[PDB]
Amino acid sequence: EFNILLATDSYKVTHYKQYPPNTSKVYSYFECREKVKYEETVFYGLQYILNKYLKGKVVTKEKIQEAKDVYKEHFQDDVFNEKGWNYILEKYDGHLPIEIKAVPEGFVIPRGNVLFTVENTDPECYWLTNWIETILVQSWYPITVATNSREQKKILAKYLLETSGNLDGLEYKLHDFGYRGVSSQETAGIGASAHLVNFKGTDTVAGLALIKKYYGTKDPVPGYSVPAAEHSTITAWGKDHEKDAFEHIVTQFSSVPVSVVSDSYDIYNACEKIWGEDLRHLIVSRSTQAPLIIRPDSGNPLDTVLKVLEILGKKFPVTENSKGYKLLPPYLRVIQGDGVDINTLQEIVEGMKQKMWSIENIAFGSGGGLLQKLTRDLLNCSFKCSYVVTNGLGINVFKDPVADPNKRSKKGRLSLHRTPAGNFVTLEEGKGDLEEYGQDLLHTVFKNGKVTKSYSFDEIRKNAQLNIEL
Amino acid sequence: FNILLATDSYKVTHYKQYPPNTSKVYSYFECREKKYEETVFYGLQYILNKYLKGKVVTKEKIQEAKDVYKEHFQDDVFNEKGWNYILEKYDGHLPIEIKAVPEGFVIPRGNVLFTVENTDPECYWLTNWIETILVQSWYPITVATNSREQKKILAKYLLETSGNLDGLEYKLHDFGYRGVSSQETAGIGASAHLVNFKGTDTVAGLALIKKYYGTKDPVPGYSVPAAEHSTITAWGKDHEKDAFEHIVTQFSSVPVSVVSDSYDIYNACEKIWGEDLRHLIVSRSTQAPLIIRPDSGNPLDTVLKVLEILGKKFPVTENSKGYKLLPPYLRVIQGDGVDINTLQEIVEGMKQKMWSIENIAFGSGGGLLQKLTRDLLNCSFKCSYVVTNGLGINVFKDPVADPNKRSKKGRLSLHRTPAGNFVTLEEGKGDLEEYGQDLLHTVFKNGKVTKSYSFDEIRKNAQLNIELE
Ligand SMILES: NC(=O)c1cccnc1
Ligand SMILES: NC(=O)c1cccnc1
Ligand SMILES: [Cl-]
Ligand SMILES: [Cl-]
Ligand SMILES: [Cl-]
Numbered sequence: 008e009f010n011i012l013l014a015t016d017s018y019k020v021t022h023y024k025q026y027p028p029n030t031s032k033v034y035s036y037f038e039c040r041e042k052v053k054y055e056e057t058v059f060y061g062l063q064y065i066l067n068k069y070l071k072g073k074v075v076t077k078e079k080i081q082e083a084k085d086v087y088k089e090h091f092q093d094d095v096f097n098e099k100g101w102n103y104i105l106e107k108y109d110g111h112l113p114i115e116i117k118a119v120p121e122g123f124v125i126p127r128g129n130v131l132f133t134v135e136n137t138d139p140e141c142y143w144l145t146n147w148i149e150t151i152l153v154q155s156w157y158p159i160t161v162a163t164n165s166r167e168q169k170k171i172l173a174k175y176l177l178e179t180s181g182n183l184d185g186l187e188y189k190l191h192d193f194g195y196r197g198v199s200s201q202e203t204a205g206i207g208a209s210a211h212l213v214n215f216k217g218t219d220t221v222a223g224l225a226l227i228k229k230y231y232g233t234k235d236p237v238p239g240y241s242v243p244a245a246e247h248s249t250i251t252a253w254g255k256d257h258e259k260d261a262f263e264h265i266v267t268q269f270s271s272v273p274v275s276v277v278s279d280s281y282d283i284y285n286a287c288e289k290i291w292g293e294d295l296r297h298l299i300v301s302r303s304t305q306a307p308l309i310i311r312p313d314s315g316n317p318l319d320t321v322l323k324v325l326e327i328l329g330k331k332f333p334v335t336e337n338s339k340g341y342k343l344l345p346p347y348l349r350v351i352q353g354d355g356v357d358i359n360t361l362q363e364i365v366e367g368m369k370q371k372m373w374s375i376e377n378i379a380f381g382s383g384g385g386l387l388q389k390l391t392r393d394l395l396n397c398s399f400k401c402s403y404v405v406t407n408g409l410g411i412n413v414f415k416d417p418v419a420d421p422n423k424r425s426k427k428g429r430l431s432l433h434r435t436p437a438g439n440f441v442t443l444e445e446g447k448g449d450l451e452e453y454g455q456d457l458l459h460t461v462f463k464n465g466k467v468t469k470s471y472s473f474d475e476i477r478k479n480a481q482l483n484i485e486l
Numbered sequence: 009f010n011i012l013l014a015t016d017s018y019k020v021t022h023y024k025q026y027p028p029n030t031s032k033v034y035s036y037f038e039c040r041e042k053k054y055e056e057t058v059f060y061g062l063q064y065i066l067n068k069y070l071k072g073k074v075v076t077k078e079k080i081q082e083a084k085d086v087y088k089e090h091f092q093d094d095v096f097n098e099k100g101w102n103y104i105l106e107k108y109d110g111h112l113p114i115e116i117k118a119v120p121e122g123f124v125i126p127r128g129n130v131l132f133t134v135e136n137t138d139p140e141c142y143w144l145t146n147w148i149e150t151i152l153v154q155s156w157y158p159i160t161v162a163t164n165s166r167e168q169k170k171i172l173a174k175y176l177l178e179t180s181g182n183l184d185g186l187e188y189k190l191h192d193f194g195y196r197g198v199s200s201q202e203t204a205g206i207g208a209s210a211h212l213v214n215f216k217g218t219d220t221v222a223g224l225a226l227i228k229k230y231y232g233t234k235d236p237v238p239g240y241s242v243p244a245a246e247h248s249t250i251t252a253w254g255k256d257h258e259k260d261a262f263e264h265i266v267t268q269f270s271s272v273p274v275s276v277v278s279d280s281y282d283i284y285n286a287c288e289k290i291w292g293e294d295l296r297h298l299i300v301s302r303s304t305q306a307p308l309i310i311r312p313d314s315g316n317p318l319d320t321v322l323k324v325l326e327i328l329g330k331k332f333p334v335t336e337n338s339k340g341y342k343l344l345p346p347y348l349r350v351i352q353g354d355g356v357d358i359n360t361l362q363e364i365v366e367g368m369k370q371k372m373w374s375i376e377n378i379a380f381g382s383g384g385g386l387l388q389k390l391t392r393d394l395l396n397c398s399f400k401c402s403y404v405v406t407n408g409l410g411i412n413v414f415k416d417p418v419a420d421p422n423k424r425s426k427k428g429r430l431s432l433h434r435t436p437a438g439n440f441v442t443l444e445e446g447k448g449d450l451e452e453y454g455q456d457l458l459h460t461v462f463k464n465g466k467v468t469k470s471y472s473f474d475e476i477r478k479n480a481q482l483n484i485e486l487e
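So the sequences go chain by chain: A and B. Here the first sequence stands for residues 8 to 42, 52 to 486, numbered as in the deposited numbering. Here the second sequence stands for residues 9 to 42, 53 to 487, numbered as in the deposited numbering.
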């Protein structure tokens, strides 16, 4: 079972001996520091961490002894604070004496604002606030996935609106293909759930169970998929039988959308000759609700999309929509699922617009770009101590390195408020107590071992909506 | 965990897409050739034991998967009968055979690393069901490989500036626990770094190694006391010296790392460490040095300036190679901005300024464990052989626009060449015995792990040539 005493950076085991004597409070905060610009971030994922790792009885006699034995060997010395952990076990039945206040999940907040704060509720546990930094800072990942996915939704919305005049289908425009490309099963669920804040199409099944267990949705599931081929199900037929594979697959899934990877040997031949001529009669008979979705999967992503569209536009009837953009028939669509990240997504939709193709014709799949090619440094996610009480006196604490002004941290007790113009401001040095800015938007979400406020996944999705959708 | 729900959604529909009367699907993993010329094979044994062995199918898991997929596809496409067959015939144990190169082996790109096939013809669809779970081995492979490439740089420069490799296994410390995407990732990645090094702050790696691999020693990796910004800045800006004095005094007999850049790294080194607290530093033992930690600024420029400051305040020697050496009670650790590229820049810049690599160690977090993708080594799983209507067919993909994506054909095997290198033979040609015996070993068969490696063996396998020589 998970042991929170073994879930921190090793150096944090020694910090209880390093804080100033007579310190009764350590208060810390998380922000996406100010430095695609990523001007605003979606706050998402803390509730998972609170429930899975922090709530309830998280200390036991056995976990304390386990940690003591490991740290004796790992440091080659006795430095582990057995007394302080045993105090939590005896005093609070192993429940953490910590209070966490957070902006509501799904909220979209400009960079450089407090998103959550952490402090100890018992003076003996001044060391506990930053013990749990390592666990809590991992919220950078769902925040960053949700934010990067939302920024891709903004690009798709802009170009869909310009080329088609509406946003129909926007939710299914970016599909999660990243289960194989992430570092672990646990990451797959967390990252897939973060993408589902913005979209409804996913093949990363792990995200469904996470949302069900930790957030919840009114609908039975938060994300959906369609039948689709992979190279094994095409190439297993033999190279001379690609047409037989395509025919078998489309026939098998005649009444539902079906995606068919078309680049096993020659994507351009497959489009022009196999789909275009040999099997055309099985495509033009398809329903609007069950289109054939052609999937290239190699080559330069923009050049390949444009050439596939040109081929299909010569072999199938093409209409011009009311915005002047070309539109394939409703039984035929394309999905580009190779090489897609926020930068290439932008390149593809702009190149399509230039060649007068509607964004209605295309959807995207993204794997490593969506869930793996992201780091804590993208949004400068950081956790720092801003306030301590020593000898009964509160002092404002901060770092301000000489070589990097971007690393300067906030001072004192913090609160988050709406400005007069409707923007956001973080008040420092306890100035929120003056009440000149209205109510603090941070709410207590965890106190003394209990999750005190929770959000459904439906609420999170509403909070994370685009302005354009609004 | 439910393996029925641990695959890409499209794989649920693949059983209906393969040719009728297919009795075998055989697939393989490789790090495709596209510098990262060789890869450390590591991490499959974790996956086999945690996710694939034993009774992995139950009546409840089938029902759960059926109910989820009905909603997720808005259709009934899930292969309930195929999963029930595994439950009834094999007590829920997977009828799969996996063959793999030994863990820790260092293998050039473009070679077969493992193969997967079904052992019952009814379960032809199962080989690629488990692609998604197995391909996640890219992550420990890639962490281990990139960590080993950093070890090669450190060893080259340490040998050149000092004449030996003493301390090499402590020169790159894992600072990545907070900067990875999950607790599970932290343990996997930290364990892969520990194939090459012994210093880590990512505690999760220790229990994973103990549980799935094992070591003769009580633990596979080690740490030392170290400060963070909160334990310095909590004293107040005017009391940085008091924090430093308290911390070094608290850990007088062991090595201690003290982050020194909260306000002005250069003042801290020159005035606080250099003058005010110098008496507390020059009294320390060689086994308990003060390790000064810058954490901001341009990494190379900051390291060089810190060393210049310290060389003017403390007694520097010249080692037998002609390089400058701080006294043994004083060292530096650069733990900001370190990845494989900046590590190379710093050691080369130090060498140019005549500073021994003995003076420095590195801490890497995101660069070590998170800033890596499956595309770095082109880790890829593909079907190469099927049997349909009783006839074996060699299968592959060969996309026109990308020759790099061409996959291997037929049944595969891994061999030594006459010159001692590796070669992957295709099309069953290993059976001709012109190249000796296949180097892959069966590691999983019909629900059981059949061959395994300790962490100590993996470390031996992953050693550098320079270390071996
Ligand atoms: N459904 C798909 O086409 C898919 C899913 C996951 C990875 N690659 C492709
Ligand atoms: N030990 C350290 O200095 C450390 C550990 C993890 C992250 N950053 C620094
Ligand atoms: Cl207990
Ligand atoms: Cl695929
Ligand atoms: Cl730190």
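Here a beta-carbon is modelled for each residue, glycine too, at the ideal position from N, C-alpha and C.
Contact list for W253/A against chain B, beta-carbon separation under 7 Å: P27
Ends of the alpha helix (DSSP H) at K330/A? 317-331
Are the CB atoms of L131/B and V74/B nearer to each other than 8 Å? no
Output the boundary residues of the alpha helix (DSSP H) element that contains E485/B. 483-486
Could you round the C-beta distance between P243/B and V274/B to whole angstroms and report it? I think they count as a contact, below 8 Å. 5 Å
In the segment 416-441 of chain A, which residues sit with their C-beta less than 7 Å from some C-beta in chain B, listed in chain order? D416, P417, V418, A419, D420, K423
Close Cβ partners of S199/A (< 8 Å) along its chain, the five nearest in sequence each way excluded: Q388
Contact with chain B by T233/A, beta-carbon distance below 8 Å: no
Return yes when the Cβ of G367/A is within less than 8 Å of the Cβ of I327/A, no when it is not. no
Using the beta-carbon count (16 or more within 10 Å), is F9/A buried or exposed? exposed
Taking buried to mean at least 16 other C-beta atoms within 10 Å of its own C-beta, is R424/B buried or exposed? exposed
Endpoints, alpha helix (DSSP H) assigned at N146/B: 144-147
Please specify which runs of the alpha helix (DSSP H), each continuous and at least 4 residues long, are wholly inside the segment 107-163 of chain B, giving them in chain order. 144-147, 149-153
Member of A83/B, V86/B, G72/B, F91/B whose CA lies at the smallest distance from the CA of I114/B: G72/B
Give the secondary structure of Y230/B by DSSP, where H, G and I count as helix, E and B as strand, and everything else as coil. helix
Taking beta-carbon pairs under 8 Å, can you tell me which members of the segment 136-150 of chain A lie near chain B? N146, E149, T150
With a threshold of 7 Å, establish whether the CB of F193/B neighbours any heavy atom of ligand 2. yes
Determine the extent of the alpha helix (DSSP H) in which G384/B is found, giving its start and end residues. 384-387
Considering only heavy atoms of ligand 4, does any lie closer than 7 Å to the CB of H22/B? no
What is the residue span of the alpha helix (DSSP H) that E366/A lies within? 358-370
Alpha carbon to alpha carbon, what distance is there between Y231/B and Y347/B? 36 Å
Residues of the segment 198-221 of chain A in Cβ contact with chain B at a cutoff of 9 Å, in chain order, please. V198, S199, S200, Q201, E202, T203, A204, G205, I206, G207, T218, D219, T220, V221
May I ask you to check if the CB of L325/B is nearer than 7 Å to at least one heavy atom of ligand 3? no
Secondary structure at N102/B, three-state DSSP: helix, strand or coil? helix
Can you name, in chain order, every residue of its own chain whose Cβ lies under 8 Å from the Cβ of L295/B, other than the five neighbours on each side? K259, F262, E263, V266
In terms of residues, what are the limits of the beta strand (DSSP E) holding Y403/A? 397-406
Would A208/B and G197/B qualify as a contact pair, given that the criterion is a beta-carbon distance under 8 Å? no
Closer than 7 Å: residues whose CB approaches a heavy atom of ligand 3: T76/A, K77/A, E78/A, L105/A, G110/A
Using 7 Å as the cut-off, classify the Cβ of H257/A as near or not near the heavy atoms of ligand 5, replying yes or no. no
I'd like the span of the beta strand (DSSP E) that includes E41/B, first residue to last. No beta strand (DSSP E) contains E41/B, which DSSP labels as neither H nor E.
Measuring only from the beta carbon, is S275/B closer than 7 Å to any heavy atom that is part of ligand 2? yes
Starting from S275/B, trace the beta strand (DSSP E) in both directions and tell me its first and last residue. 274-277
Distance, Cα to Cα, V161/A vs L390/A? 8 Å
Contacting positions in the segment 237-253 of chain B - beta carbon closer than 9 Å to chain A: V237, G239, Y240, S241, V242, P243, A244, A245, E246, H247, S248, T249, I250, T251, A252, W253
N464/A (DSSP reduced to helix, strand or coil): coil
Quick one: does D94/B have its CB under 8 Å from some CB of chain A? no
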